[PDB]
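Residue-level structure breakdown
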2 protein chains.
Amino acid sequence: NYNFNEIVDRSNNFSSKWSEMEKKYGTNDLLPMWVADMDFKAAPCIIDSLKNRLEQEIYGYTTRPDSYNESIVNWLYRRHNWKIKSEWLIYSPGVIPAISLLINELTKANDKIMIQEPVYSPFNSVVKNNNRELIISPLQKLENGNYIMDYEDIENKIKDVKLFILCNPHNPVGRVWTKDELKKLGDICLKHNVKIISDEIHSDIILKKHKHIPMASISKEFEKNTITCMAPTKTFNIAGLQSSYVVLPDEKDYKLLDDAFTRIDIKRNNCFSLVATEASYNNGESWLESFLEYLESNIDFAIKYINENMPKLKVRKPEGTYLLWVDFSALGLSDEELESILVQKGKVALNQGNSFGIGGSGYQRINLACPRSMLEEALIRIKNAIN
Amino acid sequence: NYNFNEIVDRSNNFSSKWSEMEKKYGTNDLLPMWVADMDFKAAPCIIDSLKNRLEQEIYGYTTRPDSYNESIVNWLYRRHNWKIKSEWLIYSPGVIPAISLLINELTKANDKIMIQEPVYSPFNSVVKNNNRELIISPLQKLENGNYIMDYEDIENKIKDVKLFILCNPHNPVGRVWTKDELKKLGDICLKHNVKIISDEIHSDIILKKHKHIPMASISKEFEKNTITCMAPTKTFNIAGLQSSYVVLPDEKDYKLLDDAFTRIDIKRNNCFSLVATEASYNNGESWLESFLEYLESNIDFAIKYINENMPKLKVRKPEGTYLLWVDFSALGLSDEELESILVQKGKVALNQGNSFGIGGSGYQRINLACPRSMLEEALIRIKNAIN
Ligand SMILES: *Cc1c(COP(=O)(O)O)cnc(C)c1O
Ligand SMILES: *Cc1c(COP(=O)(O)O)cnc(C)c1O
Ligand SMILES: [Cl-]
Ligand SMILES: [Cl-]
Ligand SMILES: [Cl-]
Ligand SMILES: [Cl-]
Ligand SMILES: [Mg+2]
Ligand SMILES: [Mg+2]
Ligand SMILES: [Mg+2]
Ligand SMILES: [Mg+2]
Ligand SMILES: [Mg+2]
Ligand SMILES: [Mg+2]
Ligand SMILES: [Mg+2]
Ligand SMILES: [Mg+2]
Ligand SMILES: [Mg+2]
C-alpha cells in the first residue's frame with residue numbers, strides 16, 4: 001500500500017500540467033486533466049535513489065554503469081517475457097527524439113512513413129518536421145465503439161512505405177493489441193520489407209485481463225524487423241528526469257542510430273535519470289502493482305459516473321494507459337465549441353480529440369492518474385459544463 | 001569561504017572522469033586529470049536547490065518559469081555588461097548539441113566551416129559528423145610560447161566559408177581574447193558574410209587581470225552576426241545536470257534553431273537542471289569568486305612547481321579556463337612515448353595534446369579544478385613519469 005489518495009500541491013512544482021494551460025486554453029485557472037503525467041508521488045525507492053545521489057554533492061559528467069542496462073534487460077524479461085541483449089540498447093532523452101533520428105537515418109527525404117490515427121500527435125509532426133511524407137491508415141472505429149487496425153487499408157497503402165510507426169498500447173484509444181492483431185500487422189510489414197518502429201512507452205500501464213506483447217517479442221523475425229522504444233517515465237511518473245531507451249536487434253540499425261546520437265552529441269543520462277531508472281526497474285514493481293489497482297478503480301468509478309450522470313457521453317474502458325477516451329459527439333457541438341464549454345463553463349482542461357488527428361473529432365482525452373478526489377472534481381466539472 | 005580542500009571520493013559517484021579511463025587509457029587505475037569537470041562539491045545554493053526540488057516528490061514534465069531566463073539575462077548583464085533580451089534564449093541540453101543543429105540548419109551539406117586548432121575536439125568532429133567541409137585556421141603559436149589568431153591565414157581561407165566556430169575563452173590554450181582581437185576577427189568574418197557561432201562555455205572562468213568579452217557584445221553589427229552558446233555547467237560543475245542556452249539576436253536564426261529543436265523534440269529542462277541553473281546564477285556568485293581565488297592559487301602553484309621541478313617543460317599561465325596546457329616537446333619523446341610513460345609509469349591520466357588537432361603535438365592538458373592535494377599528486381606523478 002502506497003497512499004495514492006494523498007493530494008500533492010503542484011502549484012510550486014514547476015509543472016507544465018499545472019502551469020502551461022494559459023498558452024493552450026487561455027487561462028491557468030482550470031483543473032488539469034490533459035498532459036500525460038501523474039498527480040502522484042514517485043515510488044519511495046525512486047525518491048530515495050535521488051536522495052542518495054544528491055548526497056554525493058558532485059554533479060559532473062555521468063558514466064552509465066552496467067547495472068543500468070542490466071535493470072532494463074531484467075525488467076523486459078520478467079514483466080514482458082522478452083529477453084533482449086544489453087548490447088541492443090541505446091539511450092535517448094526521450095522516445096520522440098529517438099524516432100526523429102531514426103526517421104532521418106533509415107529513410108530519405110520524401111519517403112513515406114505510415115501511422116494509425118487517432119494517435120499521439122507527435123507521430124504526425126515528427127514525420128513532417130523531418131521532410132518525410134506522412135501516410136495515415138486510420139484505425140477503424142467500429143459501430144460497437146471500439147477500435148481495431150484497418151488491415152485492408154494498410155495493405156492498400158503499404159507498397160511505397162518505408163517505415164511503420166506503431167503505438168502499442170495505443171494512445172489515446174487505450175488499445176492493448178493482442179498477439180494475433182500484432183502478428184497480422186507484422187506479417188504485412190515483413191511481406192513488404194517495411195521496418196516497424198514500435199513506441200511502447202505505455203507498456204507497463206496495462207489493466208486486468210490484458211497483457212502487453214512487445215511487437216519484437218512475437219518471433220525472432222519480428223525481433224529483427226522491429227525497433228522498440230520504451231522508458232520508465234510514463235510508468236513511474238518521472239518524465240521530468242528524462243530517460244528512455246531504444247532496443248535495436250539489427251546491428252545496422254544500431255550503428256545508424258548510435259552515429260546519429262554522436263552527431264548531435266547526446267549520449268549520457270543526466271545523473272538523476274541514471275539512478276532513478278535503475279531504481280524504478282529494480283525496486284519499483286510493488287509500487288507499480290499498487291498503482292495499477294488504484295488506476296483500475298479510478299477507471300471503473302469514472303465510467304460508472306459517466307454512464308449514470310452524463311449518459312449522452314460514450315466511453316469504452318481502456319485496456320492500457322491511464323487515459324480515458326470519451327465521445328462527446330451526441331452533444332452536437334463542433335470541436336471548438338466543445339473545448340469552449342469545457343474550459344469556460346466547466347473550468348476543466350482535457351485534451352481535445354481533434355489534436356490526435358483523423359477520428360479524433362468529437363472526442364476528449366481525460367488523464368485518470370490522479371487522486372480519486374481530483375477525478376471526482378473533474379467529472380463534476382464536466383457534468384456542469386455540458387448541462 | 002567554501003572547502004575546496006575537501007576530498008570527495010568519486011568512485012561511487014557514477015563519474016566518467018573516474019570510471020571511463022579504461023576506454024581511453026586502457027585502465028581505470030589512474031589519477032584523473034583529464035575530462036573538464038571539477039573534483040569539488042557543488043555550491044551550497046546548488047545542493048539545496050536540488051534538495052528542495054527533490055522533496056516535492058513529483059518529477060513530471062517541467063515548465064520553464066520566467067525566473068529561469070531572467071536569471072540568465074541578469075547574469076549576462078552584471079557579469080559581462082551584455083544586455084540581452086530573454087526572447088533571444090533557446091534551451092539546449094548542451095553546447096555541442098546546439099552547434100550541431102545550428103550547422104545542419106544554417107548550412108548545406110559540404111559547405112565550409114572554419115575553426116582554430118588546437119581546440120576542443122568536438123569542434124572538429126561536429127563539422128565532419130554533419131558532412132560539412134572543415135576549414136582549419138590554426139592558431140599561431142608564437143616563439144614566446146603564447147597563442148594568437150592567425151588573421152592572415154583566416155583571410156586567405158575564409159572567402160567561401162559559411163560559419164566560423166569561435167572558442168572564447170579558447171580551450172585548451174587558455175586565451176581570453178581581448179576586445180581588439182575579437183574586433184579584428186569579427187570584421188574579417190563580416191566582410192565575407194560569415195556568421196560566427198561563439199562557444200563561450202568558459203565565460204565565467206576568468207583569472208585576474210582578464211575580462212571575458214562576448215563577441216556579440218562588441219556592437220549591434222556584431223550582435224546580429226553572432227550566435228552565442230553559454231551554460232552554467234563548466235562554471236558550477238553541473239554538467240551532470242545538463243543545461244545550456246543559445247543567444248540568438250537574429251530572429252531568422254532563432255526560428256531555424258527553434259524549429260530544429262522541435263524536429264528532435266528536445267524542448268524542456270529536466271526538473272533538476274531547471275532549479276540548479278537559476279540557483280547558480282541568482283545565488284552562486286560568492287562561490288564562483290571563491291573558486292576563482294582557489295583556482296588561481298592552484299595555477300600559480302603548478303607553474304612554480306613545473307618551472308622548478310620539471311624545468312624542460314614549458315607552460316604559460318592561462319587567462320581563463322581551469323585547464324593548463326603544458327609543452328613536453330623538450331624531452332625529445334614522441335607523443336606516443338609520452339603517453340606511455342604518463343599512463344603506465346606515472347599512473348596519471350592527462351588529455352593528450354594530439355586530441356586537440358593541429359598544434360597539439362607535444363602538449364598535454366591538465367585539469368586544475370581539484371583540491372590542492374590532488375593537484376600536487378598529479379604533478380608528482382608527472383615528475384616521476386619523465387624522470
Ligand atoms: C507521452 C508519450 C511519449 C513521450 O515521448 P517523450 O519524447 O519520451 O517525452 C511517447 N509516446 C507516446 C505514445 C506517449 O503517450
Ligand atoms: C566542456 C566544453 C563544452 C561542453 O559541451 P556540452 O555539449 O555542453 O557538454 C563545450 N565547449 C567547450 C569549449 C568545452 O570546453
Ligand atoms: Cl471489438
Ligand atoms: Cl449527458
Ligand atoms: Cl623558449
Ligand atoms: Cl624536466
Ligand atoms: Mg549516501
Ligand atoms: Mg513469417
Ligand atoms: Mg517471444
Ligand atoms: Mg449512455
Ligand atoms: Mg520544501
Ligand atoms: Mg510559463
Ligand atoms: Mg562570403
Ligand atoms: Mg624551464
Ligand atoms: Mg606541501
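What counts and how
Residues numbered from 1 in each chain as written, not as in the entry; some residues may be left out. Chains lettered and ligands numbered in written order. Heavy atoms only, no water. Residues with missing side-chain atoms left out of burial classes, pairs and counts. UniProt positions renumbered as here; feature names shortened; annotations may be inferred. Near = heavy atom within 4 Å. Polar contact = N/O pair within 3.5 Å; in protein donor to acceptor, adjacent residues only side chain to side chain. Areas by Shrake-Rupley, 256 points an atom, 1.4 Å probe, with all protein chains shown as cover. Helix = DSSP H or I, 4+ residues; strand = E, 2+ residues; numbered from the N terminus. Buried < 20%, exposed > 50% of the residue type's maximum accessible area, 1.4 Å probe, protein only. Pairing = 2+ DSSP bridges. Domains from an automatic or database assignment. Contact = heavy atoms within 4.5 Å. Buried area = accessible area lost by both parts, 1.4 Å probe. Salt bridge = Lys/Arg side-chain N within 4 Å of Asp/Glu carboxyl O. Nonpolar A, V, L, I, M, F, W, Y, C, P; charged D, E, K, R; others polar. Axes fitted to C-alpha atoms, helices over the stretch in contact; angles between N-to-C directions. 1 Å grid on protein atoms, 1.4 Å probe; cavity = no way out; pocket = protein on both sides within 12 Å on 5 of 7 lines; lining within 4 Å. Points joined across faces, edges and corners; volume = space filled by probe spheres on them.

The deposited coordinates, according to the entry record, derive from X-ray crystallography at 1.55 Å resolution.

Identification of chain A as Putative pyridoxal phosphate-dependent transferase from Clostridium difficile is taken from the PDB entry. If you open the UniProt record of chain A and go to Sequence similarities (unreviewed entry), you find "Belongs to the class-II pyridoxal-phosphate-dependent aminotransferase family. MalY/PatB cystathionine beta-lyase subfamily." Quoted straight from UniProt, the Cofactor (unreviewed entry) entry for chain A says "pyridoxal 5'-phosphate".

Our next topic: the site of ligand 2. In the neighbourhood of ligand 2, 13 residues make up the surrounding shell, with B:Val95, B:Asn171, B:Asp199, B:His202 and B:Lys234 lying closest. Chains contributing residues to the immediate surroundings of ligand 2 are chains A and B. One of the side-chain nitrogen or oxygen atoms of A:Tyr61 is found 3.1 Å away from an oxygen atom of ligand 2. Between an oxygen atom of ligand 2 and a main-chain N or O atom of B:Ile96, the distance comes to 3.0 Å. Calculation on ligand 2 without its partners gives an accessible area of 390 Å², and the protein chains cover 92% of this total. Among the elements that line the shell around ligand 2, the one with the most residues is helix α5 (residues 95–106) of chain B, at 3 residues.

Once that is clear, we can look at the pairing of strand β12 (residues 323–327) of chain A. Residue and element names in this part refer to chain A. Burial of β12 is extensive: 5 of the 5 residues sit out of reach of the surface. Looking at chain direction, strand β11 (residues 314–315) and β12 are connected through 2 bridges and run antiparallel. Across the sheet, residue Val 315 finds its bridge partner in β12, namely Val 326. Sheet topology places β12 next to strand β15 (residues 363–367); 5 bridges connect them, and they run antiparallel. Note that in β15 the partner of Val 326 across the bridge is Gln 364.

All names here are of chain A. According to UniProt, the "binding site: Mg(2+) 4" (unreviewed entry) feature falls on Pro 311. Note that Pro 311 resides in the loop between α13 (285–309) and β11. Owing to a relative accessible area of 57%, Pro 311 belongs among the exposed residues under this scheme.

This brings us to unusual backbone geometry. With an omega of 5°, the peptide bond running from A:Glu117 to A:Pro118 counts as cis. For A:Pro118, the position within the fold is in the loop between β3 (112–115) and α6 (122–129). The backbone phi angle of A:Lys347 is positive, close to 55°, even though this residue is not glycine. One non-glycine residue, B:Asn110, adopts positive backbone phi at about 75°. Residue position: B:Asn110 is located in the loop between α5 and β3 (112–115). A relative accessible area of 48% means that B:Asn110 is categorised as partly exposed.

This paragraph deals with the environment of A:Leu166. Turning to its location among the elements, A:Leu166 is positioned in strand β7 (residues 161–167). When the C-alpha atoms of A:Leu166 and A:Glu377 are compared, they prove to be 34 Å apart, with 211 residues separating the residues in sequence.

All names here are of chain A. Entries for chain A in the domain assignment read domain 1 (1–60 + 283–385) and domain 2 (61–282). The gap between the C-alpha centroids of domain 1 and domain 2 is 23 Å. Facing 42 residues of domain 1, the contacting portion of domain 2 comprises 45 residues. Note on domain 1 versus domain 2: buried area summed over both sides is about 3,800 Å², and carbon and sulfur give 59% of it. Counting the contacts that link domain 1 with domain 2 gives 6 salt bridges. Between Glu 319 and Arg 175 there is a salt bridge, with the nearest N and O atoms lying 2.7 Å from each other. Run the count over domain 1 and domain 2 and you get 24 residue pairs in polar contact. For the side of domain 1 that touches domain 2, the elements supplying multiple residues, two or more each, are α3 (44–54), α13, β12 and β15. Examining the composition of the side of domain 1 that touches domain 2, we find that 10 residues originate from one element, α13, more than from any other. For the side of domain 1 that touches domain 2, a count of residues per class yields 22 nonpolar, 10 polar and 10 charged.

Our next topic: the sheet that holds strand β10 (residues 244–247) of chain A. Residue and element names in this part refer to chain A. Taken in spatial order, the 7 strands make up an open sheet running β2-β10-β9-β8-β7-β3-β4, and their pairing is mixed. Edge positions in the sheet fall to β2 (89–92) and β4 (133–136), since each of these pairs with one other strand and no more. In this sheet, adjacent strand axes meet at a mean angle of 25° when their direction is disregarded. When β3 meets β4, the two strands line up parallel, connected through 4 bridges. Across the sheet, residue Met 114 finds its bridge partner in β4, namely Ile 135. Across the sheet, helix α5 (residues 95–106) is in contact with β2, β3, β7, β8 (195–199), β9 (226–230) and β10; its angle to β9 comes to roughly 155°. Packed onto the sheet, helix α11 (residues 251–263) meets β2, β8, β9 and β10 and runs at close to 25° relative to β2.

Taken as a whole, the largest cavity holds about 40 Å³ of empty space. As for the largest cavity, its lining consists of A:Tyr61, B:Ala36, B:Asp37, B:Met38, B:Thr233, B:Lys234, B:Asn237, B:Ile238, B:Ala239 and B:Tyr322. Residues that form the lining of the largest cavity fall into these classes: 6 nonpolar, 2 polar and 2 charged. Each of domain 1 (1–59 + 283–385) and domain 2 (60–282) of chain B accounts for three or more of the residues forming the lining of the largest cavity.

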